[PDB]
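Shown next, in structure tokens, is the structure this report addresses.
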Protein chains: 2
Amino acid sequence: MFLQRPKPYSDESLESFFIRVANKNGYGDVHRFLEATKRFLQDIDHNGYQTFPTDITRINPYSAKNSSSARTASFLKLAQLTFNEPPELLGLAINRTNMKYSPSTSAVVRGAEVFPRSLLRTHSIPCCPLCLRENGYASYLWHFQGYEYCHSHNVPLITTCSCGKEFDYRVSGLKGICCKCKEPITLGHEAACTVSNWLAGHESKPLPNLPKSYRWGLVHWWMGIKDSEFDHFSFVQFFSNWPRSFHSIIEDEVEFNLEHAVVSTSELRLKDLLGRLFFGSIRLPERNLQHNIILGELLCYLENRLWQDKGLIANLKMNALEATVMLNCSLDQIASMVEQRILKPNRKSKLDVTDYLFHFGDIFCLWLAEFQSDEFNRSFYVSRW
Amino acid sequence: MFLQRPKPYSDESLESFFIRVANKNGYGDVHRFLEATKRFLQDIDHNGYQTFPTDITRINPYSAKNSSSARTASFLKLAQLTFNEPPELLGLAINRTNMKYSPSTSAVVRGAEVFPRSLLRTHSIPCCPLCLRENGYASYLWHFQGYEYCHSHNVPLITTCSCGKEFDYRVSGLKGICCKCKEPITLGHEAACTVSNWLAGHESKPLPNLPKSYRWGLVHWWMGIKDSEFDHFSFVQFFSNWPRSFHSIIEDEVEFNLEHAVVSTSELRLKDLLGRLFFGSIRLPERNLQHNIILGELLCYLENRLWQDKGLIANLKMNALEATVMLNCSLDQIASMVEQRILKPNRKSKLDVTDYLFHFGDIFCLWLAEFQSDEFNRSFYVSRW
Ligand SMILES: [Zn+2]
Ligand SMILES: [Zn+2]
Ligand SMILES: [Zn+2]
Ligand SMILES: [Zn+2]
């Protein structure tokens with residue numbers, strides 16, 4: 001097997017790249033190519049040929065169950081061996097990552113770009129028929145919810161043929177022809193266009209100029225705020241009023257929960273007053289306060305309200321689990337700060353990972369004294385007050 | 001207690017700030033001020049007054065043994081309460097952090113700037129007498145080895161009076177008068193000036209324009225390479241020849257260790273061929289490959305030599321401990337990748353945290369498939385090849 005590389009595009013999906021490789025190298029379709037590629041890897045005894053996928057919908061390493069590192073080893077070998085000139089193959093693939101988006105969503109990565117798993121499309125993947133016909137390849141952005149309009153042609157992406165059959169370019173090809181009726185697939189909220197342009201990485205006021213992974217983070221965050229599908233209109237609205245618009249969400253959240261508080265003030269946990277908002281904002285995907293503007297604003301608000309109302313904020317209860325996520329440290333690290341005299345529990349008996357033994361004020365001052373990094377530190381939000 | 005804030009300087013040491021506060025608010029010296037400050041905190045019953053320091057050499061939170069978070073709570077309260085206008089106090093303090101510089105050095109942080117603990121001066125702290133007399137305050141940079149020349153006056157910092165008594169501005173004051181002989185303290189390698197200027201944060205060719213924490217990281221790294229005090233001349237030399245100068249260090253390291261190899265090739269561990277260099281370079285202080293240019297070059301070299309010599313590099317042995325530092329993951333995470341079928345050990349019995357069960361090639365492909373972040377990823381070094 002020896003292949004001509006197609007014209008490289010840095011925004012091409014991995015599936016589109018393989019489709020073009022198949023088309024331009026005389027294979028009948030991508031499936032025949034993937035089967036021939038698996039046979040090639042078997043003929044050179046590359047460990048991992050057994051799990052090489054022949055289903056174009058399962059090609060990315062995130063789709064591998066147990067063989068994700070055999071998959072990346074395979075792409076590396078193919079890149080380094082089977083082309084006249086080596087293509088960028090690994091850089092187009094969507095891999096799993098270790099990162100999380102708060103509170104508990106997993107994530108994936110392509111190149112240097114991290115995405116919440118909640119945004120990774122599970123079923124049919126849409127397309128822009130204008131992009132396919134004019135460019136001859138598919139964008140990786142079509143794999144991710146939130147990107148609902150083509151930022152270059154300013155029209156909504158298309159999911160289904162007018163005949164009713166869903167059009168997935170991965171299965172039906174880059175020519176944009178419906179598999180069932182054999183007709184060419186054929187086609188304006190500016191807010192949708194604004195956030196699509198922003199997601200693509202371009203300046204789009206009033207949305208903030210953050211690294212790409214944190215833009216996807218804000219989409220995930222907004223979804224959680226509303227507990228529903230991403231609403232482009234209220235998102236743009238929100239940022240057109242930033243940061244006051246967020247100061248109102250915080251204040252309104254505290255005042256509602258404090259009033260609906262049925263337990264004693266001394267028994268109030270941080271989760272009871274600011275649960276959703278605080279623990280939903282810590283990793284978007286990380287705690288870099290130049291980039292995680294939600295956490296920066298929240299922490300600036302909390303430092304400056306710390307000791308008001310005889311320590312309302314400072315006294316809010318937390319457990320060891322919550323402190324570890326706050327501080328980005330291990331439970332074992334927490335135990336060592338409590339057995340020594342650095343972290344002091346409220347109830348002085350003589351560590352339940354889950355009992356609410358600590359006070360926000362103590363954990364906050366512990367962060368300052370022991371857990372600031374070059375990215376996650378007070379100096380990056382003091383200008384927000 | 002009510003105080004006038006001194007003229008703020010963003011580069012002032014915490015000790016110098018307190019000295020000026022004492023001088024300008026009628027206290028006899030800084031010690032009397034710190035004692036009065038401790039009495040003030042006791043009069044308002046601030047928890048932490050008992051550990052408030054009265055030794056100017058022990059004022060930073062890093063000098064607290066068990067009370068570092070009482071110390072930051074104290075600074076916060078003092079800032080928010082005892083001045084006509086609130087000063088930036090916390091931002092001048094040197095705190096401990098959780099970060100490490102490879103292989104096992106601890107770190108501290110001031111503002112957003114992280115430093116290796118190995119550079120934090122333990123004994124007498126030097127000064128520039130020109131800075132003291134012209135500016136009336138001391139720079140925080142004087143606390144850190146590597147910064148041996150004043151970058152603004154282009155002269156070496158001074159440690160001891162001509163009479164022999166060491167001059168520590170913290171104890172002897174900002175007036176630059178020797179405590180023993182009562183004489184004013186009185187005073188040219190351009191490489192020293194170059195790296196001093198670079199450490200201060202300014203452009204200084206041929207040294208690389210990285211965030212400050214990674215500049216201190218390179219000083220720590222160079223010290224380890226030579227196993228001795230920082231040598232400004234060979235450091236500048238090294239970077240005047242970058243990156244070829246590092247390609248030579250790698251190649252020379254591999255060829256020496258491979259030749260001095262007494263064990264069988266199949267038994268070669270990664271540590272045996274590239275021990276010092278690889279595990280000395282992972283966290284400087286982190287794995288961001290835009291900033292940790294040592295790790296980026298090393299990983300680019302390793303990916304592209306992976307499968308040469310019938311997998312010399314790929315076959316190098318590693319244990320679970322080494323993989324966790326490589327991958328930035330937990331030992332428990334490693335166990336879950338081996339009990340599942342993602343990470344495959346070499347010897348197939350049926351996890352010793354220390355046995356060399358894994359191959360570099362497997363761990364490297366696992367990093368790609370499962371552990372790339374927005375900062376620690378292949379796309380940030382492919383341009384180095
Ligand atoms: Zn389009
Ligand atoms: Zn149709
Ligand atoms: Zn000077
Ligand atoms: Zn003297």
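Order determines the names: the first chain of the structure tokens is A, the second B, and so forth; residues in each chain are numbered 1 upward, and ligands are numbered 1 upward as they are shown.
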*Name each residue within 7 Å of ligand 1, counting only C-alpha atoms and all ligand atoms, as a PyMOL selection string.*
chain A and resi 128-131+150-153
Can you tell me which residues surround residue A:177 at a distance of at most 10 Å, considering only C-alpha atoms, apart from same-chain residues fewer than 5 positions away, and format the answer as a compact mmCIF listing (two decimals) with C-alpha atoms, in the first residue's frame?
# COMPACT_ATOMS: atom_id res chain seq x y z
CA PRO A 129 -23.48 21.52 1.64
CA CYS A 161 -32.35 15.34 3.07
CA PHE A 167 -27.35 12.78 5.57
CA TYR A 169 -21.18 12.74 5.13
CA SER A 172 -22.82 9.02 2.35
CA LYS A 182 -29.85 10.17 -5.01
CA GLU A 183 -30.53 13.93 -5.07
CA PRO A 184 -27.89 16.49 -4.11
CA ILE A 185 -28.37 17.79 -0.59
CA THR A 186 -29.57 21.38 -0.92
*Find the residue from B:70, B:157, B:78, B:107 that sits nearest to ligand 3; use only C-alpha atoms and all ligand atoms when measuring.*
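Looking only at the distances to ligand 3, the closest residue turns out to be B:157.
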*asked:* Could you list, as a PyMOL selection string, all protein and nucleic acid residues with an atom at most 7 Å from ligand 2, counting only C-alpha atoms and all ligand atoms?
replied: chain A and resi 161-165+178-183
Selection above as a file: C-alpha atoms, as a compact mmCIF listing (two decimals), in the first residue's frame:
# COMPACT_ATOMS: atom_id res chain seq x y z
CA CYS A 161 -32.35 15.34 3.07
CA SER A 162 -35.61 16.90 1.94
CA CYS A 163 -36.72 13.27 1.30
CA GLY A 164 -36.39 12.52 5.03
CA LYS A 165 -33.18 10.48 5.04
CA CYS A 178 -28.41 11.51 -0.60
CA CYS A 179 -28.02 7.72 -0.39
CA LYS A 180 -31.76 7.06 -0.63
CA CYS A 181 -33.20 9.44 -3.24
CA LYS A 182 -29.85 10.17 -5.01
CA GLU A 183 -30.53 13.93 -5.07
*Once DSSP has gone over the backbone, tell me which residues of stretch 31-204 of chain B are in helix (DSSP H, G or I), as a count of residues only.*
67
_Using only C-alpha atoms, which protein or nucleic acid residues come within 9 Å of stretch 197-209 of chain B? Drop anything in the same chain fewer than 6 positions from it, and give the result as a list in words._
residues 141, 146, 147, 149, 150, 151, 152, 215, 216, 235, 236, 237, 238, 239, 240, 241, 242 and 291 of chain B
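Across the model, the gap from atom CA of residue A:105 to atom CA of residue A:359 is 26.5 Å.
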_Test item, strand (DSSP E) assignment across stretch 35-255 of chain B, answer as a PyMOL selection string_ = chain B and resi 95-101+105-110+113-116+149-150+155-156
Could you write out the selected residues, including C-alpha atoms, as a PDB file, in the first residue's frame?
ATOM      1  CA  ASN B  95       3.760  31.367  49.676  1.00  0.00           C
ATOM      2  CA  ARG B  96       4.405  27.673  49.368  1.00  0.00           C
ATOM      3  CA  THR B  97       2.790  25.937  46.419  1.00  0.00           C
ATOM      4  CA  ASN B  98       1.888  22.398  45.428  1.00  0.00           C
ATOM      5  CA  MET B  99       3.915  22.629  42.201  1.00  0.00           C
ATOM      6  CA  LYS B 100       7.239  20.849  41.666  1.00  0.00           C
ATOM      7  CA  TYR B 101      10.285  21.326  39.487  1.00  0.00           C
ATOM      8  CA  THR B 105      12.235  20.070  44.033  1.00  0.00           C
ATOM      9  CA  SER B 106       9.462  21.970  45.777  1.00  0.00           C
ATOM     10  CA  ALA B 107       8.272  25.455  44.760  1.00  0.00           C
ATOM     11  CA  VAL B 108       6.909  28.771  46.032  1.00  0.00           C
ATOM     12  CA  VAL B 109       4.766  31.478  44.466  1.00  0.00           C
ATOM     13  CA  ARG B 110       4.415  35.252  44.665  1.00  0.00           C
ATOM     14  CA  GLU B 113       5.128  33.848  39.632  1.00  0.00           C
ATOM     15  CA  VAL B 114       6.333  30.387  40.650  1.00  0.00           C
ATOM     16  CA  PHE B 115       9.946  29.750  41.747  1.00  0.00           C
ATOM     17  CA  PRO B 116      11.869  26.550  42.529  1.00  0.00           C
ATOM     18  CA  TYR B 149      23.212  41.382  39.143  1.00  0.00           C
ATOM     19  CA  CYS B 150      20.831  44.311  39.448  1.00  0.00           C
ATOM     20  CA  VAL B 155      26.287  45.816  38.882  1.00  0.00           C
ATOM     21  CA  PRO B 156      26.539  42.747  41.115  1.00  0.00           C
TER      22      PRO B 156
END
*Which residue of B:226, B:65, B:133, B:260 approaches ligand 3 most closely, using only C-alpha atoms and all ligand atoms*: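 Using only C-alpha atoms and all ligand atoms, the shortest distance to ligand 3 belongs to B:133.
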*Give the answer as one residue: which of A:2, A:376, A:301, A:371 has the shortest atom-to-atom distance to chain B, using only C-alpha atoms?*
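Comparing A:2, A:376, A:301, A:371 against chain B, the winner is A:371.
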*asked:* What does the structure give for the distance between atom CA of residue B:142 and atom CA of residue B:74, in Å to one decimal?
replied: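 Separating atom CA of residue B:142 from atom CA of residue B:74 is a distance of 24.8 Å.
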*Top pick for closest residue to ligand 3, considering B:137, B:220, B:103, B:82 and counting only C-alpha atoms and all ligand atoms*: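 Comparing B:137, B:220, B:103, B:82 against ligand 3, the winner is B:137.
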*Nearest to chain A: which of B:170, B:348, B:46, B:123 is it, counting only C-alpha atoms?*
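Residue with the minimum atom-to-atom distance to chain A: B:46.
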*Can you work out the spacing between atom CA of residue A:8 and atom CA of residue A:93 in Å, to one decimal?*
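According to the coordinates, atom CA of residue A:8 and atom CA of residue A:93 are separated by 14.0 Å.
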